[PDB]
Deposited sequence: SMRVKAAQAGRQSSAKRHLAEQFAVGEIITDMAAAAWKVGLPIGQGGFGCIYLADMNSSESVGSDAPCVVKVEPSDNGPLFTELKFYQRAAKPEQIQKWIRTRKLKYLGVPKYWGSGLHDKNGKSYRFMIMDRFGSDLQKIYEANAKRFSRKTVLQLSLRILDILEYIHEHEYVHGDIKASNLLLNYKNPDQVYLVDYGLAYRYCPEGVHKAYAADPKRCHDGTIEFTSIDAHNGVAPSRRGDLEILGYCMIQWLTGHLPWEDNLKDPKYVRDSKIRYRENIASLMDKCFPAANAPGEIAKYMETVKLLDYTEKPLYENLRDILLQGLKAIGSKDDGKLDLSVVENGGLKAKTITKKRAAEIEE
């Protein structure tokens, strides 16, 4: 199905006009997009349009997240109060309803990014430096604190969901909120239980123990997912990576390694970077409904940067 005629002008719900260009990268139904003008949408376009049938659940979930939490000025306000260089939550530009060939579709206009981190990781023989991992993780902690404080949990952090700013290789953004989860609607935390609405478990190698136990994701699970990403990034591996077809094996391993983090460090690393063990110990202390002390997690990571004779200079080193 072609959802658009290439070069057509589409008008969103706020009457802003956009033009549609070609598909990106040979992701889903995602096309380059720009402000309506007399020029064609070029390969250096600054936006994308994501389009799915209107009965698609994930696009609707994602749209709601972006409308509630990613409004250009909502993000800018947070950046000013927190004295952040930037925030890696993509900006929402608009959305609408588009009918074609008697089918109804939903569309959403978003920032356009450069490469995902997974491609860059594979081009570096599946390693990121200690400097890179700490700098990424600091910015992901900023992002997670933001979304959590706006009642959502991502539940699927991974290098393929981390995109670089098209104009700035040192700024990383977390994308894909189609299976994001509003753990705290109206300040009321979800109970330790399954959500019948939700069916997703994250990505098996990175997902949280809570997710493996069949309960809805919460804040600690996001921090836990980031922990496993860090190890994967530093080492090229996770202990359970050859048994991903067997979830109960993966859960058993995660549960045992949480109970004994020094054995995780022994398995994954001779000498391990101490911030990682410290990070995971702090995450382990969290109850299901407990608010993380994000600034203490960031501190733990800053002490890793000090230990390699560096600082938080915002350099990803990719």
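Q: Identify which parts of the deposited sequence carry no C-alpha coordinates, going from the N-terminal end onward.
A: The deposited sequence has unmodelled segments at 1 to 19, 46 to 47, 291 to 292, 342 to 364.
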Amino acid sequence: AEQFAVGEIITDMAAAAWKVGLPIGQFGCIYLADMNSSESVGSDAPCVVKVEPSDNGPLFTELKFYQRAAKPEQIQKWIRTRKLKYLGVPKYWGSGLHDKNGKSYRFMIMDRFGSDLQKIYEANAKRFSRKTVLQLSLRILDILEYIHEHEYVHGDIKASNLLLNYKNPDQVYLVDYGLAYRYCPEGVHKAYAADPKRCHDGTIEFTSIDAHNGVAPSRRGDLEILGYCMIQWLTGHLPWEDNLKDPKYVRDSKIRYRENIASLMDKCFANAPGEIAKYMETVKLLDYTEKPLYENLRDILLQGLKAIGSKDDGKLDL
From here on, numbers count along this sequence of modelled residues.
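What we label the rigid core is the largest C-alpha set whose atoms superpose within 1.5 Å from one form to the other.
Q: Between 307 to 315 and 2 to 10, pick out the one whose C-alpha positions differ more from the shown form in 6 other deposited structures of this protein, using the rigid core for superposition.
A: Per-stretch check in 6 other deposited structures of this protein: the more divergent one is 2 to 10.
Q: Would you please confirm whether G21 lacks atomic coordinates in a third or more of the other entries that were compared?
A: Other entries vs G21: none skip it.
Q: When the Cα temperature factors in the entry are averaged, is it 126 to 134 or 195 to 203 that ends up higher?
A: The recorded data point to 195 to 203.
Q: Using only the Cα atoms and their B-factors as the entry lists them, report which of 72 to 80 and 88 to 96 averages higher.
A: In the deposited entry, the stretch with the higher C-alpha B-factor mean is 72 to 80.
Q: Of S253, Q67, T61, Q26, which one's C-alpha B factor is largest in the deposited record?
A: Comparing C-alpha B-factors across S253, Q67, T61, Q26, the maximum falls on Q26.
Q: Highest recorded C-alpha temperature factor, please, choosing from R139, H154, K167, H212.
A: Largest recorded C-alpha B-factor: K167.
Q: Ranking every modelled residue in this chain by its Cα temperature factor as given in the entry, which third contains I120?
A: Tercile = middle for this residue's CA B-factor.
Q: Quick check on the deposited entry: does the C-alpha B-factor of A14 sit in the lowest, middle or highest third of its chain?
A: For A14, the deposited C-alpha B-factor lands in the middle third.
Q: By the recorded C-alpha temperature factor, relative to the other modelled residues in its chain, which third is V49 in?
A: Lowest third of the chain for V49's C-alpha B-factor.
Q: Per the entry's values, where does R220 land by CA temperature factor relative to the rest of its chain, in the lowest, middle or highest third?
A: It belongs to the lowest third of the chain when residues are ordered by C-alpha B-factor.
Q: Classify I231 as lowest, middle or highest third according to the C-alpha B-factor given in the PDB entry, relative to its own chain.
A: Bottom third by C-alpha B-factor.
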